[PDB]
*Asks:* 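Please see the structure below; I have some questions.
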Number of protein chains: 2
Amino acid sequence: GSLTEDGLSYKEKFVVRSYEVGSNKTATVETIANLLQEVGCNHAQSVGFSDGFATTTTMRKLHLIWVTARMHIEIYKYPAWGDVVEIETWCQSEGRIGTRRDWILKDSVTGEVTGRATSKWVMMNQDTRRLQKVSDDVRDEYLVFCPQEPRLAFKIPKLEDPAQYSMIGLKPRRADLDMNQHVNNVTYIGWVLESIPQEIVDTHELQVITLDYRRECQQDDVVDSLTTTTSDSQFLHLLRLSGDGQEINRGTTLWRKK
Amino acid sequence: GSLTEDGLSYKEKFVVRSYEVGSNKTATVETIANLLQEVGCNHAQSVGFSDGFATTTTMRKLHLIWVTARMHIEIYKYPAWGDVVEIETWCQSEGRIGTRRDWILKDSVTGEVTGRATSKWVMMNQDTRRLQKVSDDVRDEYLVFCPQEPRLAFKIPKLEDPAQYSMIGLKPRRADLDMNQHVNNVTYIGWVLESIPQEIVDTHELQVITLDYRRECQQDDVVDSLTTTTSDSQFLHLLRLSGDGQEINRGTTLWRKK
Ligand SMILES: Cc1ccccc1CO[C@@H]1C[C@@]2(C(C)C)CC[C@]1(C)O2
Ligand SMILES: Cc1ccccc1CO[C@@H]1C[C@@]2(C(C)C)CC[C@]1(C)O2
């Protein structure tokens, strides 16, 4: 992949691999989320930000990292094994709040848009996990890599007891940790989907997922995935620590019949 | 990737992705095993065998599939994020016993061999799971895609109670299933490694893994990963069904200090 001509977005092509697809012989939404992260990491390296943490100079001095606050993905068509998908990504300033990253997915052959995503990322001190606002010094470091006029690819309630569906006692394995020994964010998408009934997964495709991230999760921890139907099929989701512990994630999904 | 000039082996290049690497910023052995499977699947498609099951014409008529009996991987150097690895693969007849698939991994830049693998695959009826010998009709269908003179890339005891180390209650999630809703074989490598102490993983790299596959495993099942030190560091491994149930896998690993 590469930066585009104007230097303000990044494109990469991926050939869908055999082990990346599910029963319908199309890429899983976890594969799609991994590809979104990969093209984002390559974009960060292409402008001089990357060691596992994409950071600006002032972020590194202040022990700040970007953490996901919200992820929103819409997929029109999942690509097949051997298909070529092209993903374009870019970022925009959200003032003091944080930083937006957007993506557009295309079928490389037809040029049709097959998916879109947007995310909100916020500053966090990597040691204390306390959220911070974006200073002028940090914003000024990355603004020169962003379109400055709008370019858009486009509350979640708390699940009430009792949950309709659950998958409890979910534990990460080493494959779920990133190069910084943090639980990979895509893991959270997988954990949400684990509590969706097999009958729904067999008969429907995921069209939209929205996840809020409240509090990151850890290697030694145990997570419960809770789901209730709110309806297409529509669900409300809550990830919380084992033992009726703290909320990690809440989300919604929208599913279309096959 | 593509078949080579003579049509008897297949090469593919992979650019190591951010999410494919572990703490040492090099590809995990699970990433390497996924890449071995991918280049093998692309080789099978390139000669007309592939629907999730690579099968010959007579295999499809008889409801036979190839299943892994043994996997043996040696890694000299794990590639970094952004590195290009080229994998060459080929197969050879093992007479009536089964079919061998071999791989060689190179660093595309230096041309140095960075790893090697060999595997034994056997015929199994997909419905009954009973092992079968390779008939002349099946062997004759695939022999024309194999070197016929030797081309080589190059017993495990049963772990005794009590195990030195364990990870119990391991359950697959949907991401661990392949396009045929079988547990992906690479999952078995991940499950073996889960019972290796974190201190060993932090201070050592995996140099050799050998796995025997006894009995495939299922979606609804629970697996215990058992490990004892036999020594570099050397381990003996046993995967068995929960409740002191049937053996799934046995294996060995050899680890080098970082
Ligand atoms: C802000 C920015 C502009 C242009 C190129 C790269 C960046 C850095 O983006 C960060 C890198 C990251 C990506 C790895 C998903 C994680 C947070 C972030 C917004 O997306
Ligand atoms: C036997 C053969 C010769 C040339 C090209 C392909 C094949 C089929 O190989 C099979 C495909 C497979 C691969 C997907 C790992 C699984 C079993 C097998 C030996 O490796």
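Every heavy atom of this structure was used, including side-chain atoms; hydrogens, water molecules and symmetry mates were not. Just so we're on the same page: letters track the sequence lines, and every chain starts at 1.
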*Asks:* Could you report the tightest heavy-atom contact between B/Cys41 and A/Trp81, atom names first, then the distance?
*Replies:*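 It is CB-CZ2, 3.7 Å.
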*Asks:* Step by step, work out the ring pair (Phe, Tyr, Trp, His ring centres under 6.0 Å) result for B/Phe49 and B/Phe145.
*Replies:* CA-CA 11 Å; B/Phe49 285 163; B/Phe145 305 124; 5.3 Å; yes
*Asks:* Which heavy-atom pair separates B/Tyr142 from B/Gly98 by the least distance, and what is that distance?
*Replies:*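 Distance-wise, the nearest heavy atoms are OH-O, 3.3 Å.
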*Asks:* Heavy-atom distance under 4.5 Å between the side chains of B/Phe53 and B/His63, does that happen here?
*Replies:*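 When only atoms from C-beta onward are counted, B/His63 and B/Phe53 do not touch, as no gap falls below 4.5 Å.
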*Asks:* If we only count heavy atoms from C-beta on, is the B/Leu35 to B/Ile87 side-chain gap below 4.5 Å?
*Replies:*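 They are in contact (side-chain heavy atoms under 4.5 Å apart), so the answer is yes.
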*Asks:* Closest approach of A/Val85 and A/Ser108, non-hydrogen atoms and distance?
*Replies:*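 Closest approach of A/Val85 to A/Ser108, heavy atoms only: C-OG, 4.2 Å.
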*Asks:* Measure the spacing between CH2 of B/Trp103 and CG of B/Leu105 and express it to the nearest 0.5 Å.
*Replies:*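 One finds 10.0 Å between CH2 of B/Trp103 and CG of B/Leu105.
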*Asks:* I want to check something: taking the side chain as every heavy atom from C-beta on, are B/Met123 and B/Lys133 in contact at a cut-off of under 4.5 Å?
*Replies:*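 Of all side-chain heavy-atom pairs linking B/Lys133 with B/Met123, none is under 4.5 Å.
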*Asks:* For A/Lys258, is the NZ atom crowded, meaning more than 12 foreign heavy atoms sit under 6.0 Å from it?
*Replies:*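 Yes.
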*Asks:* Pairs in or reaching into residues 164-192 of chain A: which pass salt bridge (charged side-chain N to carboxylate O under 4.0 Å, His left out), with residues at least two apart or in two chains?
*Replies:*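 Passing the test, one end in residues 164-192 of chain A: A/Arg173-B/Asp176, A/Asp176-B/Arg173.
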*Asks:* Under 3.5 Å, is there a donor-acceptor pair between the side chain of A/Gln181 and the main chain of B/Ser23?
*Replies:*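 Such a contact is absent between A/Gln181 side chain and B/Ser23 backbone.
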*Asks:* Can you confirm whether more than 12 heavy atoms, excluding those of A/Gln198, are under 6.0 Å from its CD atom?
*Replies:*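 It does: A/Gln198 CD has more than 12 such atoms within range.
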*Asks:* Got a list of side-chain donor-acceptor pairs under 3.5 Å for residues 65-75 of chain B, not counting sequence neighbours?
*Replies:*
from: B/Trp66; atom 1: NE1; to: B/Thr99; atom 2: OG1; distance (Å): 2.9
from: B/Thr68; atom 1: OG1; to: B/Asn185; atom 2: ND2; distance (Å): 2.9
from: B/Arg70; atom 1: NH1; to: B/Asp212; atom 2: OD1; distance (Å): 2.8
from: B/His72; atom 1: ND1; to: B/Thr210; atom 2: OG1; distance (Å): 2.7

*Asks:* Atom OG1 in B/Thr187, atom CG in B/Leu177: separation rounded to 0.5 Å?
*Replies:*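 The OG1 atom of B/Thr187 sits 8.0 Å away from the CG atom of B/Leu177.
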*Asks:* CG of B/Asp83 to NZ of B/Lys13: how many Å apart, nearest 0.5 Å?
*Replies:*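 Answer rounded to 0.5 Å: 13.0 Å.
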*Asks:* Do B/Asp137 and B/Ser135 get their side chains close enough for a donor-acceptor pair, meaning under 3.5 Å?
*Replies:*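 No donor-acceptor contact under 3.5 Å links the two side chains.
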*Asks:* For the side chain of B/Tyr78 and the backbone of B/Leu206, is there at least one donor-acceptor N/O pair under 3.5 Å apart?
*Replies:*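 It does hold such a pair.
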*Asks:* Just by modelled atom types, is the B/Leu226 backbone N or O under 3.5 Å from a matching donor or acceptor in the B/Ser166 side chain?
*Replies:*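 Checking the backbone N and O of B/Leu226 against the side chain of B/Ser166, no donor-acceptor pair under 3.5 Å is found.
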*Asks:* Backbone N or O of A/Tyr76 within a donor-acceptor pair of the A/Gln207 side chain at under 3.5 Å?
*Replies:*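 A pair under 3.5 Å: no.
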*Asks:* Answer yes or no: is there a side-chain heavy-atom contact under 4.5 Å between A/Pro172 and A/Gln219?
*Replies:*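 A/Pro172 vs A/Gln219: side chains apart.
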*Asks:* Counting C-beta onward and ignoring hydrogens, is there a side-chain heavy-atom pair between B/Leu241 and B/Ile248 closer than 4.5 Å?
*Replies:*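 Yes, their side chains come closer than 4.5 Å.
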*Asks:* Do B/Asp224 and B/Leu239 touch side chain to side chain, with heavy atoms closer than 4.5 Å?
*Replies:*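 SC-SC contact between B/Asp224 and B/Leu239 ruled out.
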*Asks:* Just do the side-chain hydrogen bond (donor to acceptor under 3.5 Å, both in side chains) check on B/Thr58 and B/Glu141 with the steps written out, would you?
*Replies:* CA-CA 8 Å; B/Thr58 297; B/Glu141 285 158 1; 2.6 Å; yes
*Asks:* Under a 3.5 Å threshold, yes or no: a donor from one side chain and an acceptor from the other, between B/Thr114 and B/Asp107?
*Replies:*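 No, because no side-chain N or O of B/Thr114 sits under 3.5 Å from a partner of the opposite role on B/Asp107.
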*Asks:* Would you indicate whether A/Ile168, at its atom CD1, is surrounded by more than 12 heavy atoms from other residues, nucleotides or ligands within a distance under 6.0 Å?
*Replies:*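 No.
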*Asks:* May I ask you to say whether A/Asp221 pairs ionically with A/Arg240, meaning some side-chain N is under 4.0 Å from a carboxylate O?
*Replies:*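 No, this pair does not count.
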*Asks:* Show your reasoning for whether side chain to side chain contact (heavy atoms under 4.5 Å, CB included) applies to A/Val186 and A/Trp191.
*Replies:* CA-CA 9 Å; A/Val186 172; A/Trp191 282 341; over 6 Å; no
*Asks:* Roughly how far apart are A/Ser225 OG and A/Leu193 CG, rounded to 0.5 Å?
*Replies:*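 Interatomic distance, A/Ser225 OG to A/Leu193 CG, rounded to 0.5 Å: 8.0 Å.
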*Asks:* As a quick check of understanding, evaluate side-chain hydrogen bond (donor to acceptor under 3.5 Å, both in side chains) for B/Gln164 and B/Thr229, giving each step before the final call.
*Replies:* CA-CA 7 Å; B/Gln164 186 177 20; B/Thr229 309; 2.7 Å; yes
*Asks:* To the nearest 0.5 Å, tell me how far B/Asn42 CG sits from A/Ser18 OG.
*Replies:*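 The CG atom of B/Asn42 sits 6.5 Å away from the OG atom of A/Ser18.
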*Asks:* Please examine the side chains of B/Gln148 and B/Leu143, heavy atoms only from C-beta on, and report whether any two atoms are closer than 4.5 Å.
*Replies:*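 They are in side-chain contact.
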*Asks:* Any sub-3.5 Å donor-acceptor pair from B/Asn249's side-chain atoms to B/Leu211's backbone N or O?
*Replies:*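 No, B/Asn249 side chain to B/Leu211 backbone: no donor-acceptor pair under 3.5 Å.
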*Asks:* At what distance, to the nearest 0.5 angstrom, does CD1 of A/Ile189 lie from CD1 of A/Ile32?
*Replies:*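 Between atom CD1 of A/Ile189 and atom CD1 of A/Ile32 there are 10.5 Å.
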*Asks:* Restricting to side-chain contact (heavy atoms from CB on, under 4.5 Å), what partner residues turn up for A/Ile200, sequence neighbours left out?
*Replies:*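 With sequence neighbours excluded, A/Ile200 shows a side-chain contact (heavy atoms from CB on, under 4.5 Å) to A/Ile196, A/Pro197, A/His204, A/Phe235, A/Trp255, given in chain and number order.
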*Asks:* Assess whether side chain to side chain contact (heavy atoms under 4.5 Å, CB included) is satisfied between A/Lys25 and B/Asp51, documenting all intermediate values.
*Replies:* CA-CA 8 Å; A/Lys25 286 178 198 157; B/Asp51 78 347; 3.8 Å; yes
*Asks:* Under a 3.5 Å threshold, yes or no: a donor from one side chain and an acceptor from the other, between B/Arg139 and B/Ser93?
*Replies:*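 Note: B/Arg139 and B/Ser93 side chains miss the donor-acceptor criterion.
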*Asks:* Check this for me, if you would: do B/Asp136 and B/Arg96 make a salt bridge, where the nitrogen-to-carboxylate-oxygen distance has to be below 4.0 angstrom?
*Replies:*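 Salt bridge present between B/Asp136 and B/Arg96.
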*Asks:* Side chains of B/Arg100 and B/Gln92: do they bring a donor and an acceptor to under 3.5 Å?
*Replies:*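 The criterion, which ignores hydrogens and geometry beyond distance, is satisfied for B/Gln92 and B/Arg100.
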*Asks:* Please name the residue in the list B/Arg151, B/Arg116, B/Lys106 that meets the salt bridge (charged side-chain N to carboxylate O under 4.0 Å, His left out) test with B/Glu88.
*Replies:*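 Among B/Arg151, B/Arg116, B/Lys106, the one meeting salt bridge (charged side-chain N to carboxylate O under 4.0 Å, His left out) with B/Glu88 is B/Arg151.
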*Asks:* Checking side chain to side chain contact (heavy atoms under 4.5 Å, CB included) for the pair A/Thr28/A/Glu20: CA distance, chi angles, key distance, verdict?
*Replies:* CA-CA 6 Å; A/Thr28 65; A/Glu20 288 172 345; 5.9 Å; no
*Asks:* Got a salt bridge between A/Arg17 and B/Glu38, using NZ or NE/NH1/NH2 to carboxylate O under 4.0 Å?
*Replies:*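 Answer for the salt bridge query: no.
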*Asks:* Centre of B/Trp90's six-membered ring, under 6.0 Å away, within 45 degrees of the axis: is that where NZ or CZ of B/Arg101 sits?
*Replies:*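 Here B/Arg101 fails the 6.0 Å and 45° test against B/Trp90.
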*Asks:* How about B/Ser9 and B/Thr4: does a side-chain donor come under 3.5 Å of a side-chain acceptor?
*Replies:*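 Side chains of B/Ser9 and B/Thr4: pair found under 3.5 Å.
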*Asks:* May I ask you to decide if B/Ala27's main-chain N or O and B/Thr31's side chain share a donor-acceptor pair within less than 3.5 Å?
*Replies:*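 Checking the backbone N and O of B/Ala27 against the side chain of B/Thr31, no donor-acceptor pair under 3.5 Å is found.
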*Asks:* Quick one: does any side-chain atom of B/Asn180 pair with a main-chain N or O of B/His182 as donor and acceptor, under 3.5 Å?
*Replies:*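 Between the backbone of B/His182 and the side chain of B/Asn180 there is no qualifying donor-acceptor contact (under 3.5 Å).
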*Asks:* Check B/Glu205 with B/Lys77, please: is the shortest side-chain N to carboxylate O separation under 4.0 Å?
*Replies:*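 Looking at B/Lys77 and B/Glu205, the cut-off is not met.
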*Asks:* State, yes or no, whether a side-chain contact exists between A/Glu12 and A/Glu86 at a heavy-atom distance under 4.5 Å.
*Replies:*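 A/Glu12 does not reach A/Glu86 side chain to side chain.
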*Asks:* Between B/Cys217 and B/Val223, does a side chain to side chain contact (heavy atoms under 4.5 Å, CB included) hold up when you go through it step by step?
*Replies:* CA-CA 9 Å; B/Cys217 157; B/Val223 167; 4.0 Å; yes
*Asks:* Please report the C-alpha distance between A/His237 and A/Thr253 in whole Å, then the side-chain angles of each, then the deciding distance to 0.1 Å, and finally whether the side-chain hydrogen bond (donor to acceptor under 3.5 Å, both in side chains) criterion is met.
*Replies:* CA-CA 8 Å; A/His237 304 294; A/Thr253 59; 2.8 Å; yes
